[PDB]
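Okay, so here's the structure we're looking at.
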Amino acid sequence: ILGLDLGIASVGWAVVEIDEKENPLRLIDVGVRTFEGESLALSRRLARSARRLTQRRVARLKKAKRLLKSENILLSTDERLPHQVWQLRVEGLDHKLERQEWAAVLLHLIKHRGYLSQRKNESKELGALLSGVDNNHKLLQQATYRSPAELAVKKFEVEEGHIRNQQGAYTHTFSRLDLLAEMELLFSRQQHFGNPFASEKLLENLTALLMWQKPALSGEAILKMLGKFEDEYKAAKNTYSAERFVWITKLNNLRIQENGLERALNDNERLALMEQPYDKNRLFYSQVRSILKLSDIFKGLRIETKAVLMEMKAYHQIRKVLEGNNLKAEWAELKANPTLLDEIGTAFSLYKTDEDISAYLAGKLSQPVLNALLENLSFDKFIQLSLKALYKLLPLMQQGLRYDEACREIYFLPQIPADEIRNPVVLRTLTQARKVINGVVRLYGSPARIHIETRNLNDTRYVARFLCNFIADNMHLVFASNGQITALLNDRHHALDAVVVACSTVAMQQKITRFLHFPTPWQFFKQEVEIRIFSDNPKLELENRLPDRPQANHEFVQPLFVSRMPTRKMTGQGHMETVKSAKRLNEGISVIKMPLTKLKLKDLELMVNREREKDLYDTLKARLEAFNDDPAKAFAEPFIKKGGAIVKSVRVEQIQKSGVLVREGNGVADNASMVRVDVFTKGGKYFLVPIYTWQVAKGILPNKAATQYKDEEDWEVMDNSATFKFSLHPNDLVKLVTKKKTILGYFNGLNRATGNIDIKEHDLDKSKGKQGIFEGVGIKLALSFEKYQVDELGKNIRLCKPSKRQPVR
RNA sequence: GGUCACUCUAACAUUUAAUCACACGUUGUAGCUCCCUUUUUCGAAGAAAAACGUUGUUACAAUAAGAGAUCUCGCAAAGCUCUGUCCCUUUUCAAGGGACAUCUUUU
DNA sequence: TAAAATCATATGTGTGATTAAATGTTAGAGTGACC
DNA sequence: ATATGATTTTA
Numbered sequence: 103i104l105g106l107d108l109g110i111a112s113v114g115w116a117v118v119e120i121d122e123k124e125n126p127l128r129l130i131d132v133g134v135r136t137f138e139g140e141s142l143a144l145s146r147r148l149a150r151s152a153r154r155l156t157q158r159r160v161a162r163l164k165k166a167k168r169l170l171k172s173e174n175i176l177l178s179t180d181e182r183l184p185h186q187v188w189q190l191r192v193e194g195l196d197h198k199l200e201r202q203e204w205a206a207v208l209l210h211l212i213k214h215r216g217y218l219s220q221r222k223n224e225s226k227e228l229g230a231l232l233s234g235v236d237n238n239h240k241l242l243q244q245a246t247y248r249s250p251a252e253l254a255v256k257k258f259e260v261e262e263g264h265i266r267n268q269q270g271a272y273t274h275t276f277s278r279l280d281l282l283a284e285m286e287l288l289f290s291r292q293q294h295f296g297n298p299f300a301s302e303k304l305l306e307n308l309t310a311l312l313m314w315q316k317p318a319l320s321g322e323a324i325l326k327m328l329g330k331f332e333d334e335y336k337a338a339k340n341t342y343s344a345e346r347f348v349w350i351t352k353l354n355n356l357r358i359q360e361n362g363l364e365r366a367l368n369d370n371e372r373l374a375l376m377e378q379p380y381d382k383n384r385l386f387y388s389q390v391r392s393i394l395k396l397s398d399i400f401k402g403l404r405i406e407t408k409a410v411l412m413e414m415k416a417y418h419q420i421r422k423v424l425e426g427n428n429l430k431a432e433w434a435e436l437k438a439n440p441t442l443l444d445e446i447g448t449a450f451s452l453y454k455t456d457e458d459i460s461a462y463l464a465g466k467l468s469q470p471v472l473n474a475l476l477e478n479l480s481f482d483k484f485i486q487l488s489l490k491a492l493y494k495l496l497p498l499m500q501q502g503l504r505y506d507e508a509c510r511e512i513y514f515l516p517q518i519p520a521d522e523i524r525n526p527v528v529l530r531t532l533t534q535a536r537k538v539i540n541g542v543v544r545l546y547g548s549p550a551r552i553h554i555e556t557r558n559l560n561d562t563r564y565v566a567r568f569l570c571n572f573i574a575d576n577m578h579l580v581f582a583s584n585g586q587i588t589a590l591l592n593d594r595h596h597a598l599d600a601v602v603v604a605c606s607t608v609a610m611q612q613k614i615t616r617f618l619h620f621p622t623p624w625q626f627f628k629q630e631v632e633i634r635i636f637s638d639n640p641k642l643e644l645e646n647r648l649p650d651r652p653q654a655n656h657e658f659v660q661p662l663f664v665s666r667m668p669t670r671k672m673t674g675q676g677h678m679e680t681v682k683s684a685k686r687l688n689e690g691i692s693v694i695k696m697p698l699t700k701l702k703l704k705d706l707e708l709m710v711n712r713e714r715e716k717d718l719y720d721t722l723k724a725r726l727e728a729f730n731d732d733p734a735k736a737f738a739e740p741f742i743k744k745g746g747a748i749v750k751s752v753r754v755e756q757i758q759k760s761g762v763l764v765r766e767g768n769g770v771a772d773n774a775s776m777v778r779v780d781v782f783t784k785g786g787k788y789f790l791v792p793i794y795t796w797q798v799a800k801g802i803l804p805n806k807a808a809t810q811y812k813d814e815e816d817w818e819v820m821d822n823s824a825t826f827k828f829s830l831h832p833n834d835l836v837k838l839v840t841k842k843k844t845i846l847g848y849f850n851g852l853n854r855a856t857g858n859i860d861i862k863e864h865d866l867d868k869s870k871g872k873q874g875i876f877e878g879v880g881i882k883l884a885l886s887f888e889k890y891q892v893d894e895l896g897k898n899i900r901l902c903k904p905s906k907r908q909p910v911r
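This is the structure we're talking about:
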């Protein structure tokens, strides 16, 4: 049986074939495949949303500028609007603003929009942003703070010294309703004084700007995610059909445990309770204890009888909304309407946009009723039952049948279904395990059954369950153990578990659940398994340690090489997110504002104004020395320089020899990822050209290679007098022999400054190099440096020296 | 009589995927402003200036680098229909099987 | 000294919304394969 | 985990 030892980073395996199953003789080969503060896709999604919001504000302000130009407010050129936007917004309530003052006010009320609530219509502990909009909305009605700007310049700037939010404080923020109110009042008051551009057309368009935001879920969105039995769409939970399915499932499975006997409801009892929770908001247990003439003990539960069996919350929510607003007559007609009642929960759960909800109910509910439901009702669940299959399977379970009986009356390894596995870790592990399985099938045929025993334990168990079921139920051209079972009898440990997982049976697992007795399924364990996986020896040293029973080795037995996933993607993070100042980049330095709460004395020693402002440097050095070089404890209260100004962050210089120009070419950021490295030789010397992601994106092929003691401009240039060996990606199989020694392994890192490389041992033997990684390896005078190749399992070790310099982009 | 797997229901815990917004923060540029290097003019202390650094605060612009049709992609993943490069079976070619991607898809 | 191995230091963040999907456990109902 | 500058030891 394939002894797959699953995992989120590695898949160890150990092949075994047994006669009569039961007692096994000996395995064939072993292997480990090692592939690779949360999922990297979360970073991509957050960056994507940030890009979308940034460009949407770009567009919104541009559109506002065009609108203002059309009214002859914003003259074509001369777009240097006043800076004192908040003060001018305050002044507009009492004086007339000019053309450009008003233009700045409008273009600024479009930028800082506010906060528009997007909660459900399910009306009736505040955080920071919400507790700031309310605490200012409760101050805007003091009649002394007529508008958010007036409150800002009369309360915020007066006491706190700033208007905008700062340093993670979510006070000083306002709701979009308050700013729209300011828009309206400003327009009206400017009409009172005579602003020519107070056109209410402009106000309507500007409210459209300051209020429009895309709905989060628009149309098929939910449908696009609901897709994963059968095939019809899974019904909503708040649908009368699904609600009655839950009710009948409970009632039929509501066995009565009385007098030590389990008795189902006879048809009389259920007919009594069939449609009972419809005339009451909740069917309590004591309510059942009366209608059915209970002999004073249910089935489960926990005389505190006041529990809930089944409340059709959907049914009672639609009424208490429609029963109000004097819409009694429609509900009475709608009290049955089983299709109609079903179709309102199918819409309010599948579509949330008011337009999209009104579309699904194609006038089938009166628009006066539809308005009330749109304004007061929301449904957001979904059940695991096709509604089409509900109309046929629910009637049978009315009282006479059960789910199992009702359904019966209605009666190599393929690729992992990606759409059904929307989690990159699980999908990656499953696909690499599938590749390993297909490889071992090719190398051995179908060995036997399969044996699998494995902060993200959720992902691991998703992988295990899905792999077991997929393997067992899929074929083309069976055992789920656990760690406790494995423990009974470097990175190579997954092989040992593999063997132990392969030498396992369902009988021992059941005996474990019922729990010396465990035997040895081989002639000898210690020497056999010690050299089989660990201490790799191709017979020989095995044979010297295997004097007795010289029946060892197989037609293909060889030492184990841990194959590692090749990463050859050319996309990634172009540059680091800390943007700096490149105005002094020619000096070789960057200038970044450093918060005082992180200004360690090391950082203070690189301040730009060290000697320009000597008194500042002296006092800052003293206070850091007074708190043991802990800026957080040192500058925990605002620092003050000579002259009464407050110091909150100081420009600090940093050593910048290599970087990326960003922000319109104004700033510089550190290199983030090195996608590929191109090797070259000239005069018996190995020179490596590093390539970064931003170079690939811009369509740039680097020329010069790494020179240790020189800067990027003075780096050795690869030209007609250089020989191109190959490219190098992270975790690439390379062979290195030098005058010092010989090492063969994986390549994961290039040191730009020193020029050294980081080569990693296949097994990550923690007694080898810098705990498994042979870091800082010099190859300038290397005898030979060749890129190898490896298969999924750790064999077919091929090498050449072919070349074609592949152009990025 | 047990163990385990699967199907449905409810409750709890956790995790993942997609979408809509907000508020900071960084950089650049102006206005005001805290300091403080240098150099002018009036001068026998001090004032008015100019360049550079730079503290705070307001406004405006960029917020990946970049690719496309006001508007869409761009840090993730899978794969072999199209494209490109390595590897094997039967100097080049042709078939078979596979590996990775700068190719396609999610989009 | 050139090249090489060692060490050492730094990485953008919090708030507020609509949803779907998966795993594990417990409670209830059941079928099916193996001890 | 990755990029890489500062510093020590080695050929």
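Under this note's numbering, the first residue of the first sequence is numbered 103, with each subsequent residue one higher.
We treat Cβ as the ideally placed atom computed from N, Cα and C, and that holds for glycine.
Closer than 6 Å by C-beta to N655: which residues in its own chain qualify, once you throw out the five before and the five after it? Chain order, please.
For the purposes of this step, residue 655 is identified with residue 553 of the first sequence, where counting begins at 1. For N655, the CB contacts under 6 Å within the same chain, skipping 5 residues up- and downstream, are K641 in chain order.
Going by alpha carbons, who is nearest to residue 92 out of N439, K716, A566?
Any question about residue 92 goes unanswered here, given that the chain covers just 103 to 911.
For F276, which residues does DSSP report across the bridge?
As a first step, residue 276 is located in the first sequence; it is residue number 174 there, counting from the start. Looking at the DSSP output, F276 sits in no beta bridge, so it has no partner there.
Would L312 and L281 be called neighbours here (beta carbons separated by less than 9 Å)?
Numbered from 1 along the first sequence, position 210 holds the residue referred to as residue 312. Numbered from 1 along the first sequence, position 179 holds the residue referred to as residue 281. Taking 9 Å as the cut-off, the Cβ atoms of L312 and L281 count as close.
To the nearest angstrom, report how far apart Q758 and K723 are at their CA atoms.
Within the first sequence, residue 758 is the residue found at index 656, counting from 1. Within the first sequence, residue 723 is the residue found at index 621, counting from 1. When rounded, the distance between both Cα atoms is 24 Å.
Going by DSSP, what residues sit across from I691 in a beta bridge?
As a working note, residue 691 is residue 589 in the first sequence. Under DSSP, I691 takes part in a beta bridge, and its partners are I757.
Contacts around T680, its chain only, beta-carbon distance under 8 Å, and the 5 residues preceding and following it disregarded
Taking the first sequence and counting its residues from 1, the one referred to as residue 680 is at position 578. Short of 8 Å from the beta carbon of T680, and not among the five residues preceding or following it, lie these beta carbons of its own chain, in chain order: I694, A771, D772.
Secondary structure at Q891, three-state DSSP: helix, strand or coil?
Within the first sequence, residue 891 is the residue found at index 789, counting from 1. For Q891, the secondary structure class from DSSP, reduced to helix, strand or coil, is strand.
Count the other C-beta atoms from every protein chain shown that fall within 10 angstroms of the C-beta of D834, then say buried if there are 16 or more, exposed otherwise.
The residue given as residue 834 occupies position 732 in the first sequence. Classification of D834: buried, given that the 10 Å Cβ count is 16 or more.
Span of the beta strand (DSSP E) holding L790?
Locating residue 790 in the first sequence gives position 688, where the first residue counts as 1. Unbroken beta strand (DSSP E) run through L790: 788 to 794.
Just list the residues that DSSP pairs residue 915 with in beta bridges.
The chain is shown from 103 up to 911; residue 915 falls before or after that span and cannot be answered.
Which residues in the same chain as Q501 place their Cβ atom closer than 6 Å to its Cβ, once the five residues preceding and following it in sequence are excluded?
Along the first sequence, read from residue 1 onward, the residue named residue 501 stands at position 399. Counting only Cβ-Cβ distances below 6 Å, and skipping sequence neighbours, we find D369, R372.
Decide if the segment 776 to 786 is in contact with the segment 821 to 839; the criterion is three or more beta carbon pairs, one per stretch, under 8 Å apart.
They touch, by the three-pair rule.
Enumerate in chain order the residues of its own chain whose CB-to-CB distance from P440 is below 8 Å, with the five nearest sequence positions on each side excluded.
The count along the first sequence starts at 1 and reaches residue 440 at position 338. Result list for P440: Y342, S343, in chain order.
By Cβ distance, which residues of its chain are closer than 6 Å to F737, with the 5 residues on each side in sequence left out?
For the purposes of this step, residue 737 is taken as residue 635 along the first sequence, with counting starting at 1. Closer than 6 Å at the Cβ level, and outside the excluded window around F737, lie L698, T699.
Going by CA-CA distance only, name the one from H595, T607, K685 that's closest to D638.
Here residue 638 is taken as the residue at index 536 of the first sequence, counted from 1. Per the Cα distances, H595.
From which residue to which residue does the alpha helix (DSSP H) around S145 run?
Walking along the first sequence from the start, residue 145 turns up at place 43. If you look at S145, you'll find it in the alpha helix (DSSP H) that goes 142 to 172.
Bridge partners for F741 per DSSP, in chain order?
Locating residue 741 in the first sequence gives position 639, counting from the first residue. The bridge partners DSSP lists for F741 are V749.
Using 8 Å for Cβ pairs, my map puts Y890 next to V836. What's the rounded Cβ distance?
On the first sequence, residue 890 is found 788 positions in, with the first residue counted as 1. On the first sequence, residue 836 is found 734 positions in, with the first residue counted as 1. Correct: roughly 6 Å between the Cβ atoms.
How about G114 and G896: do their beta carbons lie closer than 9 Å?
Within the first sequence, residue 114 is the residue found at index 12, counting from 1. Within the first sequence, residue 896 is the residue found at index 794, counting from 1. Not in contact: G114 and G896 (Cβ atoms no closer than 9 Å).
Runs of alpha helix (DSSP H) wholly within the segment 184 to 257 (minimum 4 residues, chain order)
Runs of the alpha helix (DSSP H) lying entirely within the segment 184 to 257, each at least 4 residues long, are 187 to 193, 201 to 213, 231 to 239, 250 to 253 in chain order.
Take residue 924 as the anchor and find which of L394, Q389, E432 has the nearest alpha-carbon.
The structure shown has nothing for residue 924, since the chain only spans 103 to 911.
For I875, report the span of its beta strand (DSSP E) as first-last.
Taking the first sequence and counting its residues from 1, the one referred to as residue 875 is at position 773. It spans 875 to 879 - the beta strand (DSSP E) in which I875 sits, taken as one unbroken run.
Please name the residue or residues paired with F581 in a DSSP beta bridge.
The residue given as residue 581 occupies position 479 in the first sequence. Residue pairing of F581 in beta bridges, as defined by DSSP: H553.
Straight-line gap, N711 to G769 (C-alpha atoms, nearest Å):
Taking the first sequence and counting its residues from 1, the one referred to as residue 711 is at position 609. Taking the first sequence and counting its residues from 1, the one referred to as residue 769 is at position 667. Distance between the alpha carbons of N711 and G769 is about 20 Å.
Alpha-carbon to alpha-carbon, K872 and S583:
Indexing the first sequence from 1 puts residue 583 at position 481. Indexing the first sequence from 1 puts residue 872 at position 770. Distance between the alpha carbons of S583 and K872 is about 35 Å.
Considering only C-alpha positions, which residue in the set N125, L403, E140, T136 is nearest to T669?
In the first sequence, counting from the first residue as 1, residue 669 sits at position 567. Among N125, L403, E140, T136, the Cα nearest to that of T669 belongs to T136.
Spatially closest choice to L472 from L442, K213, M499, by CA coordinates:
Position 370 of the first sequence, counting from 1, holds the residue named residue 472. Residue nearest to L472 within the set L442, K213, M499 is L442 (criterion: CA-CA distance).
What is the rounded straight-line gap between the Cα of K326 and the Cα of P804?
Taking the first residue of the first sequence as 1, we reach residue 326 at position 224. Taking the first residue of the first sequence as 1, we reach residue 804 at position 702. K326 and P804: Cα-Cα distance of roughly 43 Å.
Below 8 Å on the Cβ atoms is my contact criterion, and I expect residue 81 with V160 to pass it. Report the Cβ-Cβ distance as a whole number of Å.
Residue 81 lies beyond the range of the chain shown here (103 to 911); nothing can be said about it.
Could you name the residues that DSSP lists as bridge partners for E364?
For the purposes of this step, residue 364 is taken as residue 262 along the first sequence, with counting starting at 1. In the DSSP output, where bridge partners are listed per residue, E364 has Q359.
Less than 9 Å between the beta carbons of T721 and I110, yes or no?
Start at 1 with the first residue of the first sequence, and residue 721 comes out as number 619. Start at 1 with the first residue of the first sequence, and residue 110 comes out as number 8. Pairing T721 with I110 gives a Cβ-Cβ distance that is not under 9 Å.
Would you report the Cα separation of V260 and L253, rounded to the nearest angstrom?
Locating residue 260 in the first sequence gives position 158, where the first residue counts as 1. Locating residue 253 in the first sequence gives position 151, where the first residue counts as 1. When rounded, the distance between both Cα atoms is 10 Å.
Pair within 9 Å by beta-carbon distance, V117 and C605
On the first sequence, position 15 is the one that residue 117 refers to. On the first sequence, position 503 is the one that residue 605 refers to. A distance of 9 Å or more separates the beta carbons of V117 and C605.
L579 classed as buried or exposed, judged by whether at least 16 other C-beta atoms fall within 10 angstroms:
As a working mapping, residue 579 is identified with position 477 in the first sequence. An exposed status is given to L579, since fewer than 16 other beta-carbon atoms sit within 10 Å of its beta-carbon.
Let me know the secondary structure DSSP gives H264 once reduced to three states.
Within the first sequence, residue 264 is the residue found at index 162, counting from 1. In the structure shown, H264 sits in coil (DSSP, three-state: anything other than H, G, I, E or B).
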